[PDB]
Amino acid sequence: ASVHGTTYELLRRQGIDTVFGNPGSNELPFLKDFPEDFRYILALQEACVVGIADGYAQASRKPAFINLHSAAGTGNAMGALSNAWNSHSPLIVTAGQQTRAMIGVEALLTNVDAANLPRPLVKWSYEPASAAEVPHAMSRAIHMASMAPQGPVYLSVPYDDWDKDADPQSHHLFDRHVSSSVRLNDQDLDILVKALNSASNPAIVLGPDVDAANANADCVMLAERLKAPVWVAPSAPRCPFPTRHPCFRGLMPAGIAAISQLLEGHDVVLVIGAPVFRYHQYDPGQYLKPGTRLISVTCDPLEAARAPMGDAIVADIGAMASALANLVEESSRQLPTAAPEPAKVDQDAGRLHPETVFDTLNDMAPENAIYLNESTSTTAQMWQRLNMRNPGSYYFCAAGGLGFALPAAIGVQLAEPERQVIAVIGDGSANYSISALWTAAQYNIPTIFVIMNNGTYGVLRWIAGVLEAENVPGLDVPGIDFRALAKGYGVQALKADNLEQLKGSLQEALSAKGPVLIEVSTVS
Amino acid sequence: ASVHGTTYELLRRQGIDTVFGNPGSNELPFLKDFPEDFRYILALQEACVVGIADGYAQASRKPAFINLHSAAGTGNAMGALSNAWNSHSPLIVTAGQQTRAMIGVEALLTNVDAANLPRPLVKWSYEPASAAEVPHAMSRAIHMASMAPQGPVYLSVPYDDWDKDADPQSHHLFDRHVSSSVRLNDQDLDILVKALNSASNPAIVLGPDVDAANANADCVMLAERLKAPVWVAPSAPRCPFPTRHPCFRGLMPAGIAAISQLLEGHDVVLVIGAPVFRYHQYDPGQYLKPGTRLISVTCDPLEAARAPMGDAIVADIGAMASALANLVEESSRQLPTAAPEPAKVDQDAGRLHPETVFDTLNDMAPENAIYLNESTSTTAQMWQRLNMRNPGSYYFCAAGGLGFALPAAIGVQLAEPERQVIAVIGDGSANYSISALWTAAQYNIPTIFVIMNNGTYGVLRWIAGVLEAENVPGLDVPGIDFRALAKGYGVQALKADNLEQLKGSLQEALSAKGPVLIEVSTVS
Amino acid sequence: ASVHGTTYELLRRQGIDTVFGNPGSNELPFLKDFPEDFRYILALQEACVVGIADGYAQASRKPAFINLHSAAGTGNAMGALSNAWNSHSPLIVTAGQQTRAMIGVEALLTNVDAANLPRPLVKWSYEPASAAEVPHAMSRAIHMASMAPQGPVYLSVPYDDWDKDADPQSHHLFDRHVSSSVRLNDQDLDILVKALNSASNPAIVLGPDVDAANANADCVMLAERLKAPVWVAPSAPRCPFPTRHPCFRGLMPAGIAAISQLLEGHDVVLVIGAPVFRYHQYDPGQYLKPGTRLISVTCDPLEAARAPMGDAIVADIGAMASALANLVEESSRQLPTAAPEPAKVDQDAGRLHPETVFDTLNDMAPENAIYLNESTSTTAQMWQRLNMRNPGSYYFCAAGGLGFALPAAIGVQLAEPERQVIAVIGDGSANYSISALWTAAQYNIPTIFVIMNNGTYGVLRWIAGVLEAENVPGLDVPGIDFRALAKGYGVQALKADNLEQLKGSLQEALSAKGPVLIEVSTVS
Ligand SMILES: Cc1ncc(C[n+]2csc(CCOP(=O)(O)OP(=O)(O)O)c2C)c(N)n1
Ligand SMILES: Cc1ncc(C[n+]2csc(CCOP(=O)(O)OP(=O)(O)O)c2C)c(N)n1
Ligand SMILES: Cc1ncc(C[n+]2csc(CCOP(=O)(O)OP(=O)(O)O)c2C)c(N)n1
Ligand SMILES: [Ca+2]
Ligand SMILES: [Ca+2]
Ligand SMILES: [Ca+2]
Ligand SMILES: [Ca+2]
Ligand SMILES: [Ca+2]
Ligand SMILES: [Ca+2]
Ligand SMILES: [Ca+2]
Ligand SMILES: [Ca+2]
Ligand SMILES: [Ca+2]
Ligand SMILES: [Mg+2]
Ligand SMILES: [Mg+2]
Ligand SMILES: [Mg+2]
Ligand SMILES: [Mg+2]
Ligand SMILES: [Mg+2]
Ligand SMILES: [Mg+2]
Ligand SMILES: [Mg+2]
Ligand SMILES: [Mg+2]
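Those sequence lines, one after another, are chains A, A' and A''. A prime marks a further copy of an entry chain. The first sequence begins at 2 in the deposited numbering and counts up one residue at a time. The second sequence begins at 2 in the deposited numbering and counts up one residue at a time. The third sequence begins at 2 in the deposited numbering and counts up one residue at a time.
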């Protein structure tokens, strides 16, 4: 068998059936004879390729496979890899290299020192030393991406390797099963359970690895048993809990002092599937107030090591959440009271308040909708105003890197064809990966894109105001016609300049057979 | 509190009480006011510092703390770090940096791009961005070294940071407990146990992480229940099993074909705490024969990913071994029969056969002796001829890097004062870290060093013969007087030119109050 | 032709005829059939291998070739590479890798991520992607080491590559000539010359790249024409000027304030072949006083970029020094007056003051002796007391990393068989690379080693005193018998406990046919 044939068999045997890519000449020898049982999803720029694959992997809860062109294609994707690292997304990134005989002279298209290029944003990065090693290296890539803590990996392959003979002993790779589905030993788990049972006023904080593990329902059971309020850890990339459950308390503010104040009076705080903590703003103060003990369950040693406080347990989130939910006592304390509905912001017949947009989406969208957020000044209101009952209902760029949501929404919609995906994206953010729209058109992936157009990088104007920073350039983005961009890439386009038009456009979009972009005029 | 005071409190609260070091000026501000409850162990060269610390960590089963001088001191230690990486040794390597104000001009003693220097041989490598970050960075280092899979880490600290004010909130670091003591979830563990119970002819292969976890006794129980032969995985850095137990089958040859042949007819092979596999010689063939399934339990994702065959489970070796030993059925098959005693090699009244040396050590040494091996042509015979009943009884350079055993034997002896340490070291290997002898003299650490003097790099002459490689330079090392080297560093020195003298010298050495070196004339 | 044959032909055609090495199994396929016209120089540890090669390269003013064993051998050499980087030493470091078929499984002796291992201490680091690339990669290594700014490079070669067929077109590599012998364009050079001619009170500062270029005599002419005092730049790795020439002003103190004060009143300061500046101690103040302009000529862009003051010209030191010396006007100012002889320190009949040792060496040594310094508390006095008339007469560890001088003195003596090499090494420093002594014995390289034994890391005790740092551990090194160490490695050993014995021992050493070590009892 050839390296080509062996590698595709390995991929198929390991459950991979889709290649997200933007092709080049170093990749043609890999892409030729493309298997009839695989799908290729083309995107027009590599940030888009990786974003689509990332959304697909996150929503499918399985690895996604990417093929890019040498250094320039890899390089174009590195912002996307920054997000993927923070979301623990299991992405297998392959890039074609020059033929081995031309690497030394650094022919055009040589990826120099290739494995160093994507560092430090990958778990493993490698170029094999021979053609017959390629299937083994691919096996390593698959497993490295997939083991806890999941994350992106990189493999560079000289284009002449594909046609060479494989090692017949590579067949042992095909059916390897590698598990990291582990949990704390019984003795120490019993100690933890007793500490949770004995707590007088426990709180729970959940992060994105809960949703990645589909541990959401187990966390609901845990919170109900402990009668504990539940927060989502700051800078949330996913939604780990039903947002109208009585225990839910919303998104934690991403500040040191704000979080210790919120946790004051809680004697034990159990954090599951989050860094401790993904703070953002400068908000100096105490990590915890006196009287609060924190215990973190994380899938990632790097998270456990860097927490500035608390105990930690490094284990699989699904296995731990299930074990805890089934072991803790039913507390006789009263169940927390649900948060009240948010206020309705006064809305005239003109430009839309973001609150109006979210309220309207919540009213009109199906109960199993999936939302993506890249409307950076409106996140708090989004979190208050969308009732997200189900797992996998929210994504936000995990490293804060713009250009995620537009392509990722396409990948999520591909992963979840029965769930309507609605991406709410600022006018600034929309440009970073605008060409991703074409993939939705070409493959008829019926994502709805809601562009919040206020003409500016609004959160940056806000921060500049707080900082008292005057004379900052580059914060306004006037003069972008998003309906024309949508037409450019073949996506149906609507506008909404007021609430009546918003409702009309959403009605049209929800019933459409293809992707739709709605340009919403929002308050500036 | 100062950064100095806070950092030493963190170290003490995390169980560190010893600093292995070779000082320099960038380290004086750290070493000043050295705490009265800490011990400093000086060695004369940094390979020696790290080797001593490594032996101490491996034998104590706890992290060891190292302080080196900038780039040159770190650099001198990098061969030692190569071994430490392969043995999963929990080493916290700190190095002093220039004062922050002089780093930009690259003053003498500046460690340029410091965190990259020890890569790729460390789990984590870092220089903090401010003085007040130093205690937090130290906390990260401690936990990164200590979490499974354990390994060396590196922290560079500008010398002016120590006297600066610490963050008062660093007190939250002091008592953090971080656990990776995890095992496979119950459902999947029950599947594994059923597969072991159903095997008709199981075999067990054990690696160094078993001995590191002190899982040896649990593995004895497991092997007895399964009635299974037990091998030690190739290139063994430690001894994971009693070598005269009836199930023991010795050291696996480090070749692909040799191992698949050895495992032929075993339907399930359970590998615990080893890479799959640390092959060495070129010995192409099948990874496994038809009819053999392999299942690996490893603490290291990198091991699980790179195995060319078998299933894998990534979990703590101690937790897994205990769980398996207590869950499997007692097989009604007959217990394996003990290996017979090895043959006595004919020995005249002249130079010693290595077999004679090992037989004599086995006769005369206490039953709780600890052996180190850096006698590279004699490893197979050593493994056959030493009855090692207890855990922690054997160490061999885990990356094959010479210069480990001489210093490591000192660190092991420091860790285990009641167990006589005997390092068996070739005349070639003895030179790499010869100055370590001084530390044994200075601190009166009563290690016995047995120098096997045959005048040559014997295993290289052997390999050159197999390869039919003629005219190879540099394989002979005549003209070294090891008794004079021992005198040079203040260690009592004996010679043994024949068996009678070997017995006499060993008798003297075993009853000595300090370290002793015996130069043995072995067959060439 | 094989890769082996082609590579050795390339080496020979590029002027390489010596391999400095410590062998291992990955290197046996390279070392077999070793060419009869090459020499192999064995050393017993890799810091020693690289130090010997470094001294040889520095003194010969040509590249030196090194062969080490995989990661552990490379790692043992990294402290030596730290010095080599700072001295711009043209070292071609090769290391053997596992056979390509075993790299993926990380067999024992695999150098993982090999090219990253020696970073950041090499100019270029590489592992070829195929066997036929090896000769081209070797060509790249040779030229990268040799082009200005010279420095160490690293090449990792899988052991199976050597026996493979080479590309016949590799013959084009053999006779390539690559020049960096460049100087500033005429127009801008004329501007510089006019600025030097117009200076009222010029000063010259010279660094190690002057001695490396053998630009010393041109710098003498330049200083004589300009009637300018001449200093050696701080932390000097080499001696660039005759130390009793009337213009010579000695070693600059390695402090910011001290240097600007020394240069005060000099209107133009011309720095040639030095960083600006290799400061050491914290000595904050002005980089230059008002009225001083600095102009630097450096072979190294990294030096030019990081200078905190002055103009810079990046060019070959030999070409620039010759051009300037021949273009400047003869100033009618008076030639500077020679420094007076240093004082004689009172010396009783007991332990030796270091000043006494240097005065005695200066009296008794030949006028073409070559000195190496690793006696760290005595450098200032050494510089004042040795009359070094000729180029290539002084070496000191360029990164401050101990373990350089003992092996480097052997390499210098090998390079310069007619010039007596005398290494003056502290008792602390002597241990780092003590096994290098064996190479001097084995090859009968007649270096004289003068061990300054004061029982302590003296400069560290001194600095601790200045810092007012109390309770510092690890600063004393009692109990080392250097005559026994010398006997251990087959080197003739003498002692000197007082001046009469020093003179007697030096007389014996200077007339000896082989290497000699003299242990001198110096004041503590
Ligand atoms: C790749 C990338 N570049 C720049 C930024 C900085 N950034 C953060 S938010 C923001 C403004 C986004 O504006 P918009 O999407 O219109 O949302 P608004 O703040 O107006 O709600 C910018 C540029 C970033 N996070 N990522
Ligand atoms: C740091 C380092 N350098 C070189 C080697 C290569 N090496 C492997 S075994 C060996 C010979 C050791 O000789 P000796 O200790 O006398 O034992 P013998 O083979 O004679 O039993 C050498 C040099 C290595 N493994 N590590
Ligand atoms: C590899 C290395 N480790 C440690 C140091 C720190 N160091 C600088 S000077 C010095 C003391 C050397 O003592 P010695 O050679 O006896 O000379 P003395 O200071 O007594 O004159 C030490 C350990 C270093 N520069 N390089
Ligand atoms: Ca509503
Ligand atoms: Ca799906
Ligand atoms: Ca906006
Ligand atoms: Ca016996
Ligand atoms: Ca102990
Ligand atoms: Ca030997
Ligand atoms: Ca004199
Ligand atoms: Ca010469
Ligand atoms: Ca000294
Ligand atoms: Mg990079
Ligand atoms: Mg293959
Ligand atoms: Mg258990
Ligand atoms: Mg490195
Ligand atoms: Mg602090
Ligand atoms: Mg379970
Ligand atoms: Mg060739
Ligand atoms: Mg010109």
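Note that CB positions come from ideal geometry on N, CA and C, so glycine has one too.
### Query
What are the residues of the segment 468-482 of chain A' that lie near chain A'', defined by any Cβ-Cβ distance shorter than 9 Å?
Considering only beta carbons, the part of the segment 468-482 of chain A' lying closer than 9 Å to chain A'' consists of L468, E469, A470, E471, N472, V473, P474, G475, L476, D477, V478, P479, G480, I481, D482, in chain order.
### Message
Taking the beta carbon of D360 (chain A'') as the centre, do at least 16 other beta carbons fall within 10 Å, making it buried, or is it exposed?
### Response
Taking every protein chain shown into account, the CB of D360 (chain A'') has 16 or more other CB atoms within 10 angstroms, so this residue is buried.
### Query
So, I452 (chain A') versus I411 (chain A'), is the Cβ gap smaller than 8 Å?
No, the Cβ-Cβ distance between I452 (chain A') and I411 (chain A') is not below 8 Å.
### Message
Tell me which residue opens and which closes the beta strand (DSSP E) that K496 (chain A') is part of.
### Response
Residues 493-497.
#### Entry: Cα-Cα separation between residue 1 (chain A') and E10 (chain A'), rounded to whole angstroms
Residue numbering for chain A' in the displayed model covers 2 to 525; residue 1 (chain A') lies beyond these limits and cannot be assessed.
### Query
From the DSSP output, which residues share a beta bridge with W232 (chain A)?
Bridge partners of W232 (chain A) according to DSSP: A:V206.
### Straight-line Cα distance separating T111 (chain A) from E419 (chain A)
Those two C-alpha atoms are separated by around 43 Å.
### Contacts around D284 (chain A), its chain only, beta-carbon distance under 6 Å, and the 5 residues preceding and following it disregarded
Apart from sequence neighbours up to five positions away, the residues of its chain that approach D284 (chain A) with a beta-carbon distance below 6 Å are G256, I257, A258, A259, ordered along the chain.
### Query
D34 (chain A') CB to nearest chain A'' CB: under 8 Å?
Among the CB atoms of chain A'', one or more fall inside 8 Å of the CB of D34 (chain A').
### Extent of the continuous beta strand (DSSP E) to which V451 (chain A) belongs
For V451 (chain A), the enclosing beta strand (DSSP E) has its first and last residue at 449-454.
### Task
Just tell me which of A'':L468, A'':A465, A'':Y395, A'':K488 has its CA closest to the CA of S436 (chain A'').
Looking only at A'':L468, A'':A465, A'':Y395, A'':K488, the smallest Cα-Cα distance to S436 (chain A'') is reached by A'':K488.
### Query
Below 8 Å between beta carbons: does that hold for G274 (chain A) and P209 (chain A)?
When the beta-carbon positions are compared, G274 (chain A) and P209 (chain A) come within less than 8 Å of each other.
### Any non-hydrogen atom of ligand 4 within 7 Å of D364 (chain A) CB
In this structure, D364 (chain A) has its beta carbon less than 7 Å from a heavy atom of ligand 4.
### Message
Please state the DSSP three-state secondary structure of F397 (chain A').
### Response
In this structure, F397 (chain A') counts as strand in the three-state DSSP scheme.
### Query
Roughly how many angstroms separate the alpha carbons of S376 (chain A') and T457 (chain A'), rounded to a whole number?
About 11 Å.
### Query
What are the residues of the segment 134-150 of chain A that lie near chain A'', defined by any Cβ-Cβ distance shorter than 8 Å?
Result list: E134, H137, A138, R141.
### Query
Just the residues with CB closer than 5 Å to a heavy atom of ligand 14, in chain order, which are they?
Spelled out in chain order, the answer is A:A133, A:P136, A:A167, A:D168, A:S171.
### Query
Taking contact to mean at least 3 C-beta pairs separated by less than 8 Å, is the segment 488-497 of chain A in contact with the segment 20-34 of chain A'?
They do not touch, by the three-pair rule.
#### Entry: Length at least 3, wholly inside the segment 241-270 of chain A': the beta strand (DSSP E) runs in chain order
If we require 3 residues or more, the beta strand (DSSP E) runs fully inside the segment 241-270 of chain A' come out as 249-252.
### Query
In this structure, what does DSSP give as the bridge partners for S3 (chain A'')?
Its beta-bridge partners are A'':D166.
### Reduced DSSP category for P159 (chain A'') - H, G, I as helix; E, B as strand; rest coil
Looking at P159 (chain A'') - three-state DSSP - the assignment turns out to be strand.
### Query
By a C-beta neighbour count over all protein chains shown, 10 Å radius and 16 as the cutoff for buried, is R141 (chain A') buried or exposed?
The residue in question, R141 (chain A'), is buried, as its Cβ has 16 or more Cβ neighbours within 10 Å.
### Query
When the Cα atoms are used, what is the spatial distance from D347 (chain A) to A116 (chain A)?
For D347 (chain A) and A116 (chain A), the gap between their C-alpha atoms comes out near 55 Å.
### Task
Mind checking the segment 244-267 of chain A'' against chain A' and listing, in chain order, the residues whose C-beta falls within less than 9 Å of any C-beta there?
Within the segment 244-267 of chain A'', the qualifying residues are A255, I257.
### Task
Look at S522 (chain A') and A497 (chain A') and say whether their C-beta atoms are less than 8 Å apart.
Cβ atoms of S522 (chain A') and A497 (chain A'): closer than 8 Å.
### Message
Going by DSSP, what residue range makes up the alpha helix (DSSP H) through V467 (chain A)?
### Response
Where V467 (chain A) is concerned, the enclosing alpha helix (DSSP H) starts and stops at 459-468.
### Task
Starting from the C-beta of residue 1 (chain A''), find all residues in its chain whose C-beta is less than 7 Å away, skip the five residues before and the five after it, and write them out in chain order.
Because chain A'' in this structure spans residues 2 to 525, residue 1 (chain A'') falls outside the shown range and cannot be described.
### Task
Answer yes or no: the CB of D114 (chain A') versus the heavy atoms of ligand 20, is any distance below 7 Å?
Not so, every heavy atom of ligand 20 lies at least 7 Å from the Cβ.
#### Entry: CB-CB length for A60 (chain A'') against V413 (chain A''), believed under 8 Å
Rounded to the nearest angstrom, the Cβ distance from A60 (chain A'') to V413 (chain A'') is 4 Å, consistent with a contact under 8 Å.
### Query
Run through DSSP, which three-state label would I17 (chain A) get?
Coil, per DSSP.
### Message
For a contact defined as C-beta to C-beta under 7 Å, what are the partners of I435 (chain A'') on chain A'?
### Response
Those within 7 Å of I435 (chain A'') in chain A' are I435, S436.
### Message
Tell me whether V460 (chain A''), by its Cβ, gets closer than 7 Å to a heavy atom of ligand 3.
### Response
Indeed, a heavy atom of ligand 3 lies less than 7 Å from the Cβ.
### Message
From the DSSP secondary-structure annotation, give me the bridge partner or partners of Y372 (chain A).
### Response
Secondary-structure assignment with DSSP links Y372 (chain A) through a beta bridge to A:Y395, A:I423.
### Task
Compile a chain-ordered list of the residues in the segment 300-314 of chain A whose CB is closer than 7 Å to at least one CB of chain A'.
The residues in question are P302, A305, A306, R307, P309, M310, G311, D312, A313, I314.
### Message
Please give the ranges of any alpha helix (DSSP H) in the segment 75-130 of chain A, keeping only runs that are unbroken, at least 4 residues long and fully inside the region.
### Response
Complete alpha helix (DSSP H) runs here, min 4: 79-87, 101-104.
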